[PDB]
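Engineer: I am attaching a structure below and will ask some questions about it afterwards.
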Amino acid sequence: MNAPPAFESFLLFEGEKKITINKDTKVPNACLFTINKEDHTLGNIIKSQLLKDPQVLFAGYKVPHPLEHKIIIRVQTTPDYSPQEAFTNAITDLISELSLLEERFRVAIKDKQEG
Amino acid sequence: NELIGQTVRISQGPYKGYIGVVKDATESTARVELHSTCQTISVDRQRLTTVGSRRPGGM
Amino acid sequence: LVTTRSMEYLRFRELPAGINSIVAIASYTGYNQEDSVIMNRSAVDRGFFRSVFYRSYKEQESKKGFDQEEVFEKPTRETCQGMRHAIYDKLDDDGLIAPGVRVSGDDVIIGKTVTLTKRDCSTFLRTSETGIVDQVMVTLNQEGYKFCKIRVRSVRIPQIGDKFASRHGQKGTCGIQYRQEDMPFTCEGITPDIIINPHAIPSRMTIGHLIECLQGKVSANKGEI
Amino acid sequence: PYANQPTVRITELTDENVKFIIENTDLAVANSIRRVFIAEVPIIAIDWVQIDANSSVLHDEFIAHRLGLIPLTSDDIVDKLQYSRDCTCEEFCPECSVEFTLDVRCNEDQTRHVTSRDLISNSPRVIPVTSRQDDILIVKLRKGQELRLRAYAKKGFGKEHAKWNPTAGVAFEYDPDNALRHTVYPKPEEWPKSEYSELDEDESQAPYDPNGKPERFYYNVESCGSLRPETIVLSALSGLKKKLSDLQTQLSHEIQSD
Amino acid sequence: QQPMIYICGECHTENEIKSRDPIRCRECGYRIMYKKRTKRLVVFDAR
Amino acid sequence: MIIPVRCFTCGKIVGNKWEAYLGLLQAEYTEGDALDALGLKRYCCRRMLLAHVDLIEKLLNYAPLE
Amino acid sequence: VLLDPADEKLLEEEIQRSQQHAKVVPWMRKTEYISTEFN
Amino acid sequence: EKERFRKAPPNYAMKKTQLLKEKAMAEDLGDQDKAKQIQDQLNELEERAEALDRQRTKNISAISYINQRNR
RNA sequence: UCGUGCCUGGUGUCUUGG
Ligand SMILES: [Zn+2]
Ligand SMILES: [Zn+2]
């Protein structure tokens, strides 16, 4: 009876934002990104990409409760670098990776197939 | 309200295609017992379409 | 998958009560921590531990007295004085719900009136039961009175708080359900079906559970029970 | 400060499973793709069942549940369909669904194997897996029992219900030899060798490699028949790439609007 | 004009059964009958 | 009641394999080779056919009519 | 044609396993299903 | 009238009719009634057993064969 | 062109839940 409908993990309600930036106050140059209707799929790749950034002091992600479909991404950079642009870069270049991987997989297929 | 107790189909939003019966209704919303899941949901009354259940020819 | 020789004669293999689940014994993410278990949502979607709960209802009509008499009848907001807030139209003119109709909590099942104009005496689905009417039977009791039984089925999908148990005394509630994307996995994509917290074994000394989990593995690969 | 540059190597390609090797990528990317194969690739599956006549020995929802789990050939069509919740139609559209139909009566004396043969599609492509080996048993009927229903298949993905998961089993693996010591064996010689182990039969695990990342992720994607096993992959990469593109859009809005 | 169609529990024949009637099959004197399926819209999510 | 459509664990279709499996037991096979000849590699999927009790065969004896 | 099973075998490239399924293992029986003929 | 003409045994009614036939045989002190009953009973038994094996001819038959060879 | 609304069970015993 109480069960959430299963579409609740990916479908945005009416009024809910996808993504939500919050300036953290406890250290300079720190933000908290709150993703709605996301889980460990989307939150882990962003985190791991952020760790590649040399200008990034701290990067992490959490799932506040596995019954509530939301992740938190906390980014802290160097004063010459907003976490806004950290976060932007770690999506941009990660898309560039997956696009290059998709392209490379495709050719590998067509070579396998009679080759 | 008229359609309380009638068979309706949810035609819009996340529950598209779910059949149910109207257990209660307002000027803007209804409560529908879904035929399938063990649950009653509240929905905007404009998301619904009446299906009805009748037989003709009565002879 | 691991049987006793004496469970042949109990006819247990003909009429079994349980499923061979790929159990892991792991402290995965805390939700199994204290007699609890983490179940696979993707397995439950595939019907793992899905069940039908049948509930069944009975009613008969009588000669109450000289002035008093019961009869199977749709009440109406016109003559029947006593009457509920409910939806009486779910049931046809027989005064009995048809099989196949959806019912919820405090819906009317068996329409019944008793003459005083007529009082309402009808039977209602138990509060918060929520099933579908599976079959409706009608007959005569010993007394030669009209007598019906109605059974209603609820498809009870495993949910957080349902109680699982093992063959060894290892009871536990479903503490959360993760999907196959979220479960741990072997060098192939064999996720667990159930994950039980290790802390259940050491104090309880159910070694037979481990052995069973061990032999069941042998049984599935040797392909012989 | 930028992306790594992965390389792919297909080892085994059948009409049932794919074995491929991804090199030069992060552990997170290599696992997130695994999550997406399972839960976030779209397929077509039965999701709406209207039961007209059911006289079988099973329930009503038992029939409907079993119909849900039957895989449907999706490759050419699934990236064309609307999700049901996104189609403008008041009921169902050929742009947002495929319609199915089962009409079976056991008249003969012998028992009736209600198989996936009986599911009649309106679309010639989105059929159950029958094309080119028995058929999924739905029910068994006796002399006088029948089953009439019509069903609709819609687009969905495994995050809702397992029915939309395209895979049998995804075999993810990295570092076959314990070079990272990500796992710590109490007795490292009691352990059988990986499929992938570049190790002799003398030594048990690779020597400890202090400075070193995972690369070389070994995959074995097995299709349920609903897609080709190599289409599951191109679709997942495109799904994850699409979630990130969407995310970026929402992000850019958030940035400029602060 | 609907006569309420029952099914005999032992003959399996359809029987037309109005009010104030003995619940007997008209084929053979068996005393159990079942209601036939509803005519209403029955729809399931394969789920 | 009736053989599941999918291995609950992994999700491989086993629904089509039950008739075939009993057919391979009309042949003189060990269950271990029957399971192998059908191609069930995982010890998840292999449990489905070993462990399935076919009760639909018994429910079919309760004729409605004739 | 003039040909032999010794020749036939040589036409194939490579066709020519896990034999332990059929082990005795006195602690391991066989399974039982639903017939229509019993006590 | 309506119990007379239509083919009586299938599906469940033959079991109760067989019992009734036995009772009719047993209630008779006359040997002629007993032997007529015996004959009648055997005939209906045969007919019924044929019908049962016919229905079970397929897909039941197949499982019967594997169960006898598995034990 | 219309205006009515909380009915509604008591007693015993066995089974089972932490
Ligand atoms: Zn549409
Ligand atoms: Zn499996």
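Letters for chains follow the order of the structure tokens (A, B, ...), residue numbers begin at 1 for each chain, and ligand numbers begin at 1 in the order shown.
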Ligand 2: which residues are within 8 Å, counting only C-alpha atoms (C1' of nucleotides) and all ligand atoms? Reply as a PyMOL selection string.

Structural biologist: (chain C and resi 190) or (chain D and resi 168-169) or (chain F and resi 6-12+40+42-48)

Engineer: When the cut-off is 12 Å and you count only C-alpha atoms (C1' of nucleotides) and all ligand atoms, which residues lie near ligand 1, shown as a ChimeraX atom specification?

Structural biologist: /B:11-13,16-17 /D:81-99,152-155

Engineer: Find the residues in chain G near chain F: any atom within 9 Å counts, using only C-alpha atoms. Write them as a ChimeraX atom specification.

Structural biologist: /G:20-22,30-36

Engineer: Pick out the chain E residues within 12 Å of chain D. Count only C-alpha atoms. Give them as a list in words.

Structural biologist: residues 12, 36, 37, 38, 39, 40, 41, 42, 43, 44, 45, 46 and 47 of chain E

Engineer: Can you list, as a PyMOL selection string, all residues belonging to chain G that DSSP tags as alpha helix (DSSP H)?

Structural biologist: chain G and resi 5-8

Engineer: Could you please take those selected residues and save C-alpha atoms as a PDB file, in the first residue's frame?

Structural biologist:
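And here's out23.pdb as it stands now:
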ATOM      1  CA  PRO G   5      35.413 -41.756 -42.195  1.00  0.00           C
ATOM      2  CA  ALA G   6      39.180 -41.236 -41.696  1.00  0.00           C
ATOM      3  CA  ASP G   7      39.038 -38.780 -44.639  1.00  0.00           C
ATOM      4  CA  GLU G   8      35.773 -37.201 -43.420  1.00  0.00           C
TER       5      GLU G   8
END

Engineer: Return as a list in words the residues belonging to chain F that are within 7 Å of chain D, counting only C-alpha atoms.

Structural biologist: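 Here they are: residues 5, 10, 11, 12, 13, 15, 16, 17, 59, 60, 63, 65 and 66 of chain F.
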
Engineer: Go ahead and write the residues just picked, N, CA and C atoms, as an mmCIF file, in the first residue's frame.

Structural biologist:
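The file below, selection.cif, is the result:
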data_model
loop_
_atom_site.group_PDB
_atom_site.id
_atom_site.type_symbol
_atom_site.label_atom_id
_atom_site.label_comp_id
_atom_site.auth_asym_id
_atom_site.auth_seq_id
_atom_site.Cartn_x
_atom_site.Cartn_y
_atom_site.Cartn_z
ATOM 1 N N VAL F 5 9.390 -17.023 -15.981
ATOM 2 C CA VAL F 5 9.831 -16.544 -17.295
ATOM 3 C C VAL F 5 11.318 -16.226 -17.290
ATOM 4 N N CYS F 10 19.620 -13.180 -12.237
ATOM 5 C CA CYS F 10 20.288 -12.483 -13.310
ATOM 6 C C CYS F 10 19.252 -11.842 -14.235
ATOM 7 N N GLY F 11 18.220 -12.580 -14.637
ATOM 8 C CA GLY F 11 17.210 -12.129 -15.588
ATOM 9 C C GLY F 11 17.181 -12.875 -16.918
ATOM 10 N N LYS F 12 18.019 -13.895 -17.118
ATOM 11 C CA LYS F 12 17.995 -14.743 -18.316
ATOM 12 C C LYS F 12 16.637 -15.390 -18.470
ATOM 13 N N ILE F 13 16.123 -15.501 -19.689
ATOM 14 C CA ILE F 13 14.862 -16.193 -19.946
ATOM 15 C C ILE F 13 15.065 -17.700 -19.773
ATOM 16 N N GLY F 15 11.952 -19.535 -19.333
ATOM 17 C CA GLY F 15 10.649 -19.921 -19.547
ATOM 18 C C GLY F 15 10.383 -20.849 -20.653
ATOM 19 N N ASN F 16 11.187 -20.834 -21.660
ATOM 20 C CA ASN F 16 11.192 -21.627 -22.828
ATOM 21 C C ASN F 16 11.957 -22.913 -22.708
ATOM 22 N N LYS F 17 12.577 -23.165 -21.558
ATOM 23 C CA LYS F 17 13.565 -24.236 -21.432
ATOM 24 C C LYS F 17 13.022 -25.423 -20.678
ATOM 25 N N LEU F 59 -2.794 -28.905 -11.134
ATOM 26 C CA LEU F 59 -3.950 -28.029 -11.214
ATOM 27 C C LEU F 59 -4.775 -28.341 -12.460
ATOM 28 N N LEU F 60 -4.176 -28.843 -13.541
ATOM 29 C CA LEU F 60 -4.841 -29.200 -14.729
ATOM 30 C C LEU F 60 -5.740 -30.396 -14.596
ATOM 31 N N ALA F 63 -10.492 -30.371 -13.837
ATOM 32 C CA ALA F 63 -11.264 -29.889 -14.965
ATOM 33 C C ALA F 63 -12.351 -28.918 -14.502
ATOM 34 N N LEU F 65 -15.017 -28.192 -16.975
ATOM 35 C CA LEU F 65 -15.927 -28.889 -17.799
ATOM 36 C C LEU F 65 -15.275 -29.982 -18.602
ATOM 37 N N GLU F 66 -15.900 -31.154 -18.726
ATOM 38 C CA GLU F 66 -15.360 -32.312 -19.459
ATOM 39 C C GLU F 66 -13.892 -32.613 -19.134
#
